Every structure is written in structure tokens, then in C-alpha cells.
Amino acid sequence: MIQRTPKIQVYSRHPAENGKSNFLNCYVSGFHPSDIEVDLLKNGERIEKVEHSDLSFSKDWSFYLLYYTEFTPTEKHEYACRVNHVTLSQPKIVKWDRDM
């Protein structure tokens with residue numbers, strides 16, 4: 001058996017086709033087993049509509065998840081990713097660093 005803690009990155013991207021739109025992304029990488037819970041948060045509250053969740057694996061024991069949705073960020077709110085996994089004793093909350 002193998003278990004590996006997810007690496008978690010939170011970042012924003014504008015699709016080059018439409019620069020006015022903005023996507024909030026949570027890239028959860030290199031984890032095993034594949035069982036996982038991932039949410040995007042706004043002010044600590046779960047964002048219900050996340051239009052994209054893309055799961056893949058490399059080797060049989062390494063999973064990759066890109067979880068993202070359109071948003072219009074303001075300075076008034078805090079955005080984050082919350083991840084639960086068997087390797088994590090408590091939920092991991094990673095705040096969006098707005099430089100990325």
C-alpha cells in the first residue's frame with residue numbers, strides 16, 4: 001500500500017479567448033489513495049457551483065485533480081481551497097494567493 005499527501009495550489013487564470021472572465025483554480029496533485037474531498041470556499045463557505053472537475057492519474061498510485069470555476073474576485077472576500085484526505089488529520093485550507 002502507499003499513501004501520499006496531496007500538494008495543493010490555488011490560483012486564478014483568464015482564458016486567452018476571453019480576458020474578462022476569470023477562473024479560480026485548485027490543483028490537487030500527487031495524492032494516493034484517490035479518495036478525496038475538495039471544495040472552493042468564499043469567506044469560508046462552500047461554493048456550490050464548480051463547473052469543472054478533471055481527474056487523472058500517472059502511475060497507478062498518483063492522482064491529479066483540477067477543480068475550477070468562473071468567478072469575479074473582489075478585495076472584500078477571502079477565497080480558498082479546502083481539502084480532506086486520509087493523509088490529513090484536519091481539513092487543509094489553502095488561501096488563494098492573489099499573485100497567481
# chains A, B, ... in the order shown; residues from 1 in each chain; ligands from 1

$ residues_around --residues "stretch 55-68 of chain A" --least-positions-apart "2" --cutoff "6 Å" --atoms "only C-alpha atoms" --output "PDB file with C-alpha atoms, in the first residue's frame"
ATOM      1  CA  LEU A  24     -10.473  30.249  -9.608  1.00  0.00           C
ATOM      2  CA  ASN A  25      -8.436  27.024  -9.660  1.00  0.00           C
ATOM      3  CA  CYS A  26      -7.441  24.419  -7.106  1.00  0.00           C
ATOM      4  CA  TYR A  27      -4.823  21.947  -8.411  1.00  0.00           C
ATOM      5  CA  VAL A  28      -4.548  18.998  -6.066  1.00  0.00           C
ATOM      6  CA  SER A  29      -1.665  16.790  -7.124  1.00  0.00           C
ATOM      7  CA  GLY A  30       0.274  13.591  -6.481  1.00  0.00           C
ATOM      8  CA  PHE A  31      -2.134  12.037  -3.986  1.00  0.00           C
ATOM      9  CA  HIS A  32      -2.983   8.456  -3.053  1.00  0.00           C
ATOM     10  CA  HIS A  52     -15.094  21.813 -13.771  1.00  0.00           C
ATOM     11  CA  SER A  53     -13.518  18.828 -12.005  1.00  0.00           C
TER      12      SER A  53
END

$ select_by_dssp --residues "stretch 30-75 of chain A" --states "strand (DSSP E or B)" --output "PyMOL selection string"
chain A and resi 30-32+37-42+45-46+52-57+63-70

$ write_last_selection --atoms "N, CA and C atoms" --output "PDB file, in the first residue's frame"
ATOM      1  N   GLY A  30      -0.619  14.616  -6.998  1.00  0.00           N
ATOM      2  CA  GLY A  30       0.274  13.591  -6.481  1.00  0.00           C
ATOM      3  C   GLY A  30      -0.243  12.810  -5.289  1.00  0.00           C
ATOM      4  N   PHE A  31      -1.559  12.675  -5.169  1.00  0.00           N
ATOM      5  CA  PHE A  31      -2.134  12.037  -3.986  1.00  0.00           C
ATOM      6  C   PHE A  31      -2.506  10.567  -4.201  1.00  0.00           C
ATOM      7  N   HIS A  32      -2.521   9.837  -3.092  1.00  0.00           N
ATOM      8  CA  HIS A  32      -2.983   8.456  -3.053  1.00  0.00           C
ATOM      9  C   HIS A  32      -3.371   8.133  -1.611  1.00  0.00           C
ATOM     10  N   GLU A  37     -11.889  14.824  -0.769  1.00  0.00           N
ATOM     11  CA  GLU A  37     -12.946  15.827  -0.782  1.00  0.00           C
ATOM     12  C   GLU A  37     -12.262  17.155  -1.060  1.00  0.00           C
ATOM     13  N   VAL A  38     -12.783  17.911  -2.027  1.00  0.00           N
ATOM     14  CA  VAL A  38     -12.188  19.196  -2.396  1.00  0.00           C
ATOM     15  C   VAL A  38     -13.298  20.222  -2.621  1.00  0.00           C
ATOM     16  N   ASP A  39     -13.154  21.407  -2.020  1.00  0.00           N
ATOM     17  CA  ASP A  39     -14.124  22.474  -2.247  1.00  0.00           C
ATOM     18  C   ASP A  39     -13.412  23.781  -2.380  1.00  0.00           C
ATOM     19  N   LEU A  40     -14.007  24.649  -3.185  1.00  0.00           N
ATOM     20  CA  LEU A  40     -13.631  26.050  -3.204  1.00  0.00           C
ATOM     21  C   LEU A  40     -14.480  26.808  -2.194  1.00  0.00           C
ATOM     22  N   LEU A  41     -13.855  27.720  -1.446  1.00  0.00           N
ATOM     23  CA  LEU A  41     -14.560  28.496  -0.431  1.00  0.00           C
ATOM     24  C   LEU A  41     -14.533  29.987  -0.730  1.00  0.00           C
ATOM     25  N   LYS A  42     -15.629  30.657  -0.390  1.00  0.00           N
ATOM     26  CA  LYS A  42     -15.685  32.116  -0.369  1.00  0.00           C
ATOM     27  C   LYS A  42     -16.094  32.506   1.039  1.00  0.00           C
ATOM     28  N   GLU A  45     -17.176  29.676   3.208  1.00  0.00           N
ATOM     29  CA  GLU A  45     -18.377  28.955   2.798  1.00  0.00           C
ATOM     30  C   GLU A  45     -18.190  28.288   1.442  1.00  0.00           C
ATOM     31  N   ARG A  46     -18.696  27.071   1.339  1.00  0.00           N
ATOM     32  CA  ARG A  46     -18.533  26.262   0.140  1.00  0.00           C
ATOM     33  C   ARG A  46     -19.195  26.899  -1.078  1.00  0.00           C
ATOM     34  N   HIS A  52     -16.116  22.703 -13.243  1.00  0.00           N
ATOM     35  CA  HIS A  52     -15.094  21.813 -13.771  1.00  0.00           C
ATOM     36  C   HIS A  52     -14.348  21.037 -12.690  1.00  0.00           C
ATOM     37  N   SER A  53     -14.264  19.720 -12.882  1.00  0.00           N
ATOM     38  CA  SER A  53     -13.518  18.828 -12.005  1.00  0.00           C
ATOM     39  C   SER A  53     -12.875  17.758 -12.881  1.00  0.00           C
ATOM     40  N   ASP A  54     -11.567  17.862 -13.093  1.00  0.00           N
ATOM     41  CA  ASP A  54     -10.862  16.965 -14.002  1.00  0.00           C
ATOM     42  C   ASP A  54      -9.863  16.093 -13.244  1.00  0.00           C
ATOM     43  N   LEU A  55     -10.108  14.776 -13.253  1.00  0.00           N
ATOM     44  CA  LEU A  55      -9.282  13.818 -12.515  1.00  0.00           C
ATOM     45  C   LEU A  55      -8.460  12.961 -13.469  1.00  0.00           C
ATOM     46  N   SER A  56      -7.182  12.774 -13.146  1.00  0.00           N
ATOM     47  CA  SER A  56      -6.314  11.905 -13.931  1.00  0.00           C
ATOM     48  C   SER A  56      -5.343  11.176 -12.995  1.00  0.00           C
ATOM     49  N   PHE A  57      -4.605  10.216 -13.536  1.00  0.00           N
ATOM     50  CA  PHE A  57      -3.531   9.572 -12.763  1.00  0.00           C
ATOM     51  C   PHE A  57      -2.316   9.353 -13.657  1.00  0.00           C
ATOM     52  N   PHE A  63      -2.583  10.462  -8.236  1.00  0.00           N
ATOM     53  CA  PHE A  63      -3.747  11.141  -8.809  1.00  0.00           C
ATOM     54  C   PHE A  63      -3.598  12.665  -8.869  1.00  0.00           C
ATOM     55  N   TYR A  64      -4.300  13.266  -9.827  1.00  0.00           N
ATOM     56  CA  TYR A  64      -4.209  14.698 -10.115  1.00  0.00           C
ATOM     57  C   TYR A  64      -5.619  15.207 -10.332  1.00  0.00           C
ATOM     58  N   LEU A  65      -5.977  16.276  -9.632  1.00  0.00           N
ATOM     59  CA  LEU A  65      -7.299  16.852  -9.754  1.00  0.00           C
ATOM     60  C   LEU A  65      -7.231  18.338 -10.009  1.00  0.00           C
ATOM     61  N   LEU A  66      -7.885  18.791 -11.071  1.00  0.00           N
ATOM     62  CA  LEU A  66      -8.006  20.225 -11.308  1.00  0.00           C
ATOM     63  C   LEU A  66      -9.465  20.596 -11.112  1.00  0.00           C
ATOM     64  N   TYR A  67      -9.714  21.490 -10.164  1.00  0.00           N
ATOM     65  CA  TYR A  67     -11.051  21.821  -9.728  1.00  0.00           C
ATOM     66  C   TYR A  67     -11.171  23.323  -9.902  1.00  0.00           C
ATOM     67  N   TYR A  68     -12.085  23.773 -10.746  1.00  0.00           N
ATOM     68  CA  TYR A  68     -12.113  25.192 -11.031  1.00  0.00           C
ATOM     69  C   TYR A  68     -13.462  25.715 -11.441  1.00  0.00           C
ATOM     70  N   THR A  69     -13.631  27.029 -11.342  1.00  0.00           N
ATOM     71  CA  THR A  69     -14.892  27.646 -11.680  1.00  0.00           C
ATOM     72  C   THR A  69     -14.716  29.133 -11.957  1.00  0.00           C
ATOM     73  N   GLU A  70     -15.643  29.691 -12.730  1.00  0.00           N
ATOM     74  CA  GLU A  70     -15.608  31.111 -13.044  1.00  0.00           C
ATOM     75  C   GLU A  70     -15.935  31.934 -11.799  1.00  0.00           C
TER      76      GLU A  70
END

$ residues_around --residues "residue A:100" --least-positions-apart "5" --cutoff "12 Å" --atoms "only C-alpha atoms" --output "mmCIF file with N, CA, C and O atoms, in the first residue's frame"
data_model
loop_
_atom_site.group_PDB
_atom_site.id
_atom_site.type_symbol
_atom_site.label_atom_id
_atom_site.label_comp_id
_atom_site.auth_asym_id
_atom_site.auth_seq_id
_atom_site.Cartn_x
_atom_site.Cartn_y
_atom_site.Cartn_z
ATOM 1 N N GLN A 9 -2.456 23.741 -4.799
ATOM 2 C CA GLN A 9 -2.144 25.058 -5.354
ATOM 3 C C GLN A 9 -3.448 25.757 -5.706
ATOM 4 O O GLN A 9 -4.352 25.149 -6.278
ATOM 5 N N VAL A 10 -3.548 27.040 -5.354
ATOM 6 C CA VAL A 10 -4.762 27.803 -5.631
ATOM 7 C C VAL A 10 -4.364 29.069 -6.407
ATOM 8 O O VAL A 10 -3.501 29.847 -5.974
ATOM 9 N N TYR A 11 -5.001 29.280 -7.551
ATOM 10 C CA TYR A 11 -4.555 30.338 -8.456
ATOM 11 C C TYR A 11 -5.651 30.719 -9.420
ATOM 12 O O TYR A 11 -6.596 29.970 -9.653
ATOM 13 N N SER A 12 -5.541 31.914 -9.974
ATOM 14 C CA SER A 12 -6.529 32.400 -10.912
ATOM 15 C C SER A 12 -5.962 32.452 -12.329
ATOM 16 O O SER A 12 -4.756 32.635 -12.530
ATOM 17 N N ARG A 13 -6.838 32.270 -13.315
ATOM 18 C CA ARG A 13 -6.447 32.293 -14.722
ATOM 19 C C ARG A 13 -7.556 32.898 -15.551
ATOM 20 O O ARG A 13 -8.727 32.635 -15.321
ATOM 21 N N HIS A 14 -7.181 33.726 -16.517
ATOM 22 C CA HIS A 14 -8.122 34.231 -17.515
ATOM 23 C C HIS A 14 -7.914 33.433 -18.781
ATOM 24 O O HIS A 14 -6.784 33.316 -19.258
ATOM 25 N N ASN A 22 -12.590 35.155 -15.487
ATOM 26 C CA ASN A 22 -11.561 34.755 -14.552
ATOM 27 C C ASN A 22 -11.990 33.437 -13.920
ATOM 28 O O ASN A 22 -13.149 33.260 -13.551
ATOM 29 N N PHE A 23 -11.054 32.507 -13.817
ATOM 30 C CA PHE A 23 -11.313 31.209 -13.178
ATOM 31 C C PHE A 23 -10.494 31.059 -11.907
ATOM 32 O O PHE A 23 -9.303 31.362 -11.893
ATOM 33 N N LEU A 24 -11.157 30.604 -10.844
ATOM 34 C CA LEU A 24 -10.473 30.249 -9.608
ATOM 35 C C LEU A 24 -10.161 28.753 -9.658
ATOM 36 O O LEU A 24 -11.053 27.942 -9.904
ATOM 37 N N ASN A 25 -8.892 28.402 -9.479
ATOM 38 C CA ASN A 25 -8.436 27.024 -9.660
ATOM 39 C C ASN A 25 -7.837 26.447 -8.419
ATOM 40 O O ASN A 25 -7.111 27.124 -7.695
ATOM 41 N N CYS A 26 -8.130 25.173 -8.153
ATOM 42 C CA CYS A 26 -7.441 24.419 -7.106
ATOM 43 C C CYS A 26 -6.867 23.131 -7.715
ATOM 44 O O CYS A 26 -7.628 22.216 -8.085
ATOM 45 N N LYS A 95 -5.404 29.280 1.326
ATOM 46 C CA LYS A 95 -5.934 30.543 0.827
ATOM 47 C C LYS A 95 -5.346 30.888 -0.527
ATOM 48 O O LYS A 95 -4.174 30.633 -0.789
#

$ atom_distance --atom1 "atom CA of residue A:34" --atom2 "atom CA of residue A:7"
13.2 Å

$ closest_residue --among "A:3, A:43, A:35, A:71" --to "residue A:93" --atoms "only C-alpha atoms"
A:43

$ residues_around --residues "residue A:75" --least-positions-apart "3" --cutoff "12 Å" --atoms "only C-alpha atoms" --output "PDB file with C-alpha atoms, in the first residue's frame"
ATOM      1  CA  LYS A  42     -15.685  32.116  -0.369  1.00  0.00           C
ATOM      2  CA  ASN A  43     -15.408  33.592   3.128  1.00  0.00           C
ATOM      3  CA  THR A  72     -15.240  37.726 -10.220  1.00  0.00           C
ATOM      4  CA  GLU A  78     -11.343  35.625   1.013  1.00  0.00           C
ATOM      5  CA  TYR A  79     -11.100  32.701  -1.398  1.00  0.00           C
ATOM      6  CA  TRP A  96      -5.703  31.992  -2.662  1.00  0.00           C
ATOM      7  CA  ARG A  98      -3.639  36.686  -5.456  1.00  0.00           C
TER       8      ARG A  98
END

$ atom_distance --atom1 "atom CA of residue A:83" --atom2 "atom CA of residue A:5"
10.5 Å

$ atom_distance --atom1 "atom CA of residue A:36" --atom2 "atom CA of residue A:86"
7.8 Å
